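J.: Starting off with a structure, shown below.
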Amino acid sequence: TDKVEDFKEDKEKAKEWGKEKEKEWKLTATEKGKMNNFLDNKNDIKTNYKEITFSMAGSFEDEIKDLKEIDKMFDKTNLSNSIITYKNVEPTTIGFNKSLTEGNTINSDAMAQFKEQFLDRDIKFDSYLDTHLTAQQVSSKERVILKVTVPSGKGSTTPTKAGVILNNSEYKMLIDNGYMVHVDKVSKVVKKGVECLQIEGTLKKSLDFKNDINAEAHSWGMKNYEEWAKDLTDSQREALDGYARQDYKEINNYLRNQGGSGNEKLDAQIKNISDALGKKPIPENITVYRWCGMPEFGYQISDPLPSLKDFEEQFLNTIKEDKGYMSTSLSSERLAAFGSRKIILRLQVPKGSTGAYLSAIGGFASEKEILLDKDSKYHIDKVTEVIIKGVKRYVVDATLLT
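Position in the sequence shown (from 1) plus 65 gives the number in the numbering used here.
See below:
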């Protein structure tokens, strides 16, 4: 068990620790101003953040300027010690869409559903995770207590991108978007006679470029796959170029529709593609995106988006698979070509997954593209909503199986 601080309910001891750690981030006065403006929802930038990250280029440009600077602040972090932080949240904020409470008590069936959905899995948040240095008083609706261990990563190759900031007269821990909370334990606790569900978790790194406002996605892709593309054999290179140029249409139709039949021509190319995609496993945990049409989720084009309840009953905690190759992007930016689709897949691709940064081969390859090998399967973790231009869309969080 690593050395970890935990002030529990002692605000005074926590304030002293906070005062000294706040100095270590070394943000300028201008930087602190922008970060606090975000946390205080100035001009509704915090309320609009989720939509912004799934918006088309050019939208919310004043907010984007601020978000670009904030993103850069996390590259200036230097967390000196690990600590347990606290944050109370309303259940729907983390995708639990069933009734959780009955006054000051927790529904018995609710806990069972909650544990089945979250225990031993990772929770992906929509925005920067701002946590407290001590246990917080419970309100009526924020009945889920997040007790999150924030490792410093001090003597490692990946120090944690988190830091302490003074906001609203309190020292708080700000954690970058590139982290999920792995749920280690779920239990019912009582605070002042009010029952709450406590999640004890630990940060788990996963790169997430969102709508790539600082143009870092492609550089990551090239840094990790430029060598891969260079070492592709002639047949593999030929097969991948064809695929991207126009062969993907026929190839995936072949696979997804009575695949592996009689056609040595496609079988040969498919072999070359899958061999290339297996040469370099995804080097680290990453987040990828895919805008999906209704048919991809078994609905018709004329059907309205089903209620959240019916959508979960059909997909929550199920495994979705594809015999063809699944194209995804490091960016969640909305493009005109598919900006009308109602279902957005936010997929966790674990280190070791079978795929590659296809964009490293140039040519007809798509922008910031990660191509996953055929026969992919992913577990649907949770479903949440986002209103883009006054229209509701469902964001489907899932994890790729390796």
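Cβ atoms here follow ideal geometry from the backbone N, Cα and C, with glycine treated the same way.
#1: Say whether the region 388–397 touches the region 304–323, bearing in mind that this needs 3 or more beta-carbon pairs closer than 8 Å, one atom from each stretch.
#2: Judging by CA-CA distance, which residue of 205, 147, 175, 130 is the nearest neighbour of residue 155?
#3: Taking the C-alpha atoms as reference points, what is the distance between residue 322 and residue 338?
#4: Looking only at its own chain, which residues have a Cβ that is under 7 Å from the Cβ of residue 245, when we skip the five neighbours before and after it?
#5: For residue 245, report the span of its beta strand (DSSP E) as first-last.
#6: Note down, in chain order, each residue of its chain lying with its Cβ closer than 7 Å to the Cβ of residue 118, except the 5 sequence neighbours on either side.
#7: Could you give the C-beta distance for residue 255 and residue 264, rounded to a whole number, given that I count them as a contact under 8 Å?
#8: So for residue 278, helix, strand or coil by DSSP?
#9: Can you list, in chain order, the stretches of the beta strand (DSSP E) that have 3 or more residues and sit fully within the region 380–425?
#10: Less than 8 Å between the CB atoms is what I'm expecting for residue 430 and residue 309, so what's the real figure, rounded?
#11: Can you name the start and end residues of the beta strand (DSSP E) that residue 543 belongs to?
#12: Leaving out five residues before and five after residue 180 in sequence, what residues of the same chain have Cβ atoms less than 7 Å from its Cβ?
#13: Let's see if you can read the secondary structure: which residues bound the alpha helix (DSSP H) around residue 178?
#14: Between the alpha carbons of residue 228 and residue 369, how many angstroms are there, rounded?
#15: Using the Cβ count rule (16 or more neighbours within 10 Å means buried), how would you classify residue 14?
#16: Consult DSSP for residue 270 and reduce its assignment to one of helix, strand or coil.
#17: Please determine, among 202, 151, 466, 208, the residue with the shortest C-alpha to C-alpha distance to residue 40.
#18: Exposed or buried, which one is residue 421 when buried takes at least 16 other CB atoms within 10 Å?
#19: Compute the Euclidean distance between the alpha carbons of residue 261 and residue 220, then round it to the nearest angstrom.
#20: Of the residues 174, 240, 160, 164, which one's Cα is nearest the Cα of residue 198?
#21: Kindly indicate the opening and closing residues of the alpha helix (DSSP H) around residue 321.
#22: Could you please give me the residues that DSSP links to residue 153 through a beta bridge?
#23: Mind reading off the beta-carbon distance from residue 138 to residue 92? Whole number of angstroms is fine, and I expect it under 8 Å.
#24: Among 148, 345, 408, whose alpha-carbon lies nearest the alpha-carbon of residue 82?
#25: For the 8 Å Cβ check, are there 3 or more pairs between the region 284–291 and the region 399–410?
#26: Could you have a look at residue 441 and say whether DSSP puts it in helix, strand or coil?
#27: Can you look up residue 331 in the DSSP assignment and give me helix, strand or coil?
#28: Applying the criterion that 16 or more other CB atoms from any shown protein chain within 10 Å of the CB defines a buried residue, is residue 305 buried or exposed?
#29: Just mark residue 434 as buried or exposed, buried being the case when its beta carbon has 16 or more other beta carbons within 10 Å.
#30: Residue range of the alpha helix (DSSP H) that residue 354 falls in?
#31: What number of angstroms, rounded off, separates the C-alpha of residue 143 from the C-alpha of residue 273?
#32: By DSSP, does residue 433 sit in helix, in strand, or in coil?
#33: Could you tell me the boundaries of the beta strand (DSSP E) in which residue 84 lies?
#34: Between which two residues does the alpha helix (DSSP H) harbouring residue 138 extend?
#35: Roughly how many angstroms lie between the CA atoms of residue 98 and residue 135, to the nearest whole one?
#36: Determine the DSSP secondary structure at residue 306, reduced to helix, strand or coil.
T.: Here's the rundown:
#1: yes
#2: 205
#3: 18 Å
#4: 187, 188, 189, 269, 271
#5: Per DSSP, residue 245 is one residue of the beta strand (DSSP E) stretching across 244–256.
#6: 275, 276, 397
#7: Not quite, the Cβ-Cβ distance comes to about 16 Å (not below 8 Å), so this is no contact.
#8: coil
#9: 384–387, 391–394, 408–414, 420–422
#10: Under the criterion of beta carbons closer than 8 Å, residue 430 and residue 309 qualify as touching, at roughly 5 Å.
#11: One cannot answer for residue 543 here, as it falls past the ends of the chain, which runs 66 to 467.
#12: Excluding residues up to 5 positions away in sequence, 251 lie with their Cβ nearer than 7 Å to the Cβ of residue 180 in the same chain.
#13: 173–183
#14: C-alpha separation (whole angstroms): 43 Å.
#15: The requested residue 14 does not occur in the structure, where the chain is confined to residues 66 to 467.
#16: Here residue 270 sits in strand by DSSP.
#17: No answer is possible for residue 40: the residues shown for the chain start at 66 and end at 467.
#18: buried
#19: Cα-Cα distance, rounded: 36 Å.
#20: 240
#21: 313–321
#22: 210
#23: 6 Å
#24: 148
#25: no
#26: Note: residue 441 maps to strand in three-state DSSP.
#27: helix
#28: buried
#29: buried
#30: Taken as a continuous stretch (DSSP letters only), residue 354 belongs to no alpha helix (DSSP H), being part of the beta strand (DSSP E) at 351–357.
#31: 20 Å
#32: The answer is coil: DSSP assigns residue 433 none of H, G, I, E or B.
#33: Segment 76–90 is the alpha helix (DSSP H) holding residue 84; no beta strand (DSSP E) there.
#34: 126–138
#35: 10 Å
#36: In this structure, DSSP gives residue 306 a helical state, which the three-state scheme calls helix.
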